[PDB]
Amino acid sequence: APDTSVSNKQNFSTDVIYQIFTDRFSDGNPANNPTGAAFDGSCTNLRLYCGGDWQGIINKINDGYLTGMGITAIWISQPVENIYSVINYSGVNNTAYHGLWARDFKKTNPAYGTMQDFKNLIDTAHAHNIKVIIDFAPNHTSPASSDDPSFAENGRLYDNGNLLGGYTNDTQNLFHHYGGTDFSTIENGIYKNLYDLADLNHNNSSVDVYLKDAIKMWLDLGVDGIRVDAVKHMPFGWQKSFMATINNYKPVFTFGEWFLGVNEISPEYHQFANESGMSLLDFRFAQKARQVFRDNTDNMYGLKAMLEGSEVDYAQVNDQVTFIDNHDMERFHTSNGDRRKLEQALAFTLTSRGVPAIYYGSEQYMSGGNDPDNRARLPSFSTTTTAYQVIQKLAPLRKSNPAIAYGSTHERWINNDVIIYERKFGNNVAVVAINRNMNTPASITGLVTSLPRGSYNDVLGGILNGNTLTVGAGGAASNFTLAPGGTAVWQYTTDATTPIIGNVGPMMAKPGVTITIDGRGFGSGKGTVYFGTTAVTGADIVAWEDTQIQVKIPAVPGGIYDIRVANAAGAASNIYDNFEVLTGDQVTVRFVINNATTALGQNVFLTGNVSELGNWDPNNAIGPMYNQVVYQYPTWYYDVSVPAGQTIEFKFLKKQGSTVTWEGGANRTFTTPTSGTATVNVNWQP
């Protein structure tokens, strides 16, 4: 099927995501509304249920409100059954309107709708070619106090009705009991409790297995994507095994949230996006866009930089979800500011690279500070606001113009307040000009583009004050003045004669799994896919078409491969690097080493003979290991994702600068379990 098909759950670059807070969208059914001091039908107290439900979105999909806007994917609240407690955090009552206080990952939250209400939703969405992404928060359950088992629901957890246990009297060790985090370190913020949320222990097989069976159930119901909450507060090694489980079953576009601030850029943030098996929410985009288009704390050369720095730092930049604001930051639109800033910021996000995400209510100029302020109810549904129009005219370009979805970015003209950039994928082009200045016009002299001779009409139709572009000979355009706050989008689309890859999903799976390659130029008849030097053809290619090829991963040794395509006429595509074929199914193993004495600047790492363990290369060793919470120095520990049911070999090492110190003795061997978890306890051998 084509790359734009609703059946394409692996990739979302050609989609526009509408982020909804079920509760604060539309109450399509009152019979299911919570009652008592948990309900606030006037959405006056923003920490209470307002009544929104799934039937409320089915209504907005049916009467054409969402569809008429151009949206092709809704991202909703956690569908999982929550605690029913009305928590009075010092004077203020609080409820689980946000879906983030899980109670039973196998049942739906009654207030949002029933199991039948969920199928209806998946079916009304798909029948209108809209994809559904859900939230999943496997890092915890709900507010719990072990000292006072009378608080909330005591962080209890049920398995489809059966109680597994609570935060008080945890003999089975389902949770962590190390106090709460002060966010001092990454280690600290992972094993310690986030504020007061009963932190789950994934080293416990019962927990590990339960969360994995839970996500599959949700995959079986029809979801097309997953947004995992708090990726920074769970162990990396477990997440990889959680991903390998999704991808090895029914892969869906999965992404997670890792909050970055202003001009804050961490390498762990990138390492996660590059090696977890899942992408992140592009906070590097969001904060930079708001600095230039909103707070005006940086100029266009910072925008240029960011767009360029990203095209390299991320391994698969086309998979990062972009946005201008959301549930974790103040609303982009202010009181003392004009709607133009918002109108432009939206256009910039819509034509830029990644998976664009619009936080509900942005098209109705909703204003509001931090939580719960940024989570008020959508005041209206007027399909005639300019912002509605902008999204309306731009959104479908992602599915029609391959350059918007997969193309590279090139700044063709730049200034302190104006930028003109090009997105191109083969012959397809899209030029976007923006003058953020509202006072002075911008005379553009000598603008060269990839557009062929012609005079292109603004796709925005002038509502953003955009002109038409007369492109003469050599892609050069006649001079023009870009009006203050002007914005224009010009484009060109044509067939692809050369195979070209725009994206691949999933980015890691075991042999025998079907991956999805998307692009243009693949051709009608079956061709050839290269995983490294290993060529795949015949029955192993499940599907071939001009825009999308589906092929099984061949039996190769685990490791990183470069993907490449060749049509039936030997025309080979560009290289799509960084594909991880795993050794097989994964399980998480905690490795604990005792007596590793280290110097100031020396850390302990691990390595072994399978690719998930770096394949003996000390530059790809797992680490630096942990040494303060679950175990303290001189004992180090780490949760690592390894192949299931195999005898792996490994040795620990110390690393300091360019100096590496290996353990003495013989290689350690270990037979991994087929499911669940395992813990290896050892002592440093000199």
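Counting begins at 1, following the sequence as shown.
Look at the C-alpha B-factors of 420-428 and of 468-476. On average they run higher in 468-476. Checked against the record, the higher mean CA B factor of 382-390 and 316-324 lies with 382-390.
The residue among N503, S408, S279, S443 whose C-alpha carries the highest B-factor in the deposited model is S443.
Of the candidates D220, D562, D117, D199, the deposited coordinates give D562 the top C-alpha B factor. Among all modelled residues in this chain, the alpha-carbon of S13 has a temperature factor (C-alpha) in the middle third. Residue-level temperature factors show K526 in the highest third of its chain, judged at the C-alpha atom. Placement of the Cα temperature factor of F652 within the chain: lowest third of the modelled residues, per the deposited record. Among the modelled residues of its chain, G99 has a C-alpha B-factor that falls in the lowest third, as given in the PDB entry. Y633: CA B factor lies in the highest third for its chain, per the PDB record.
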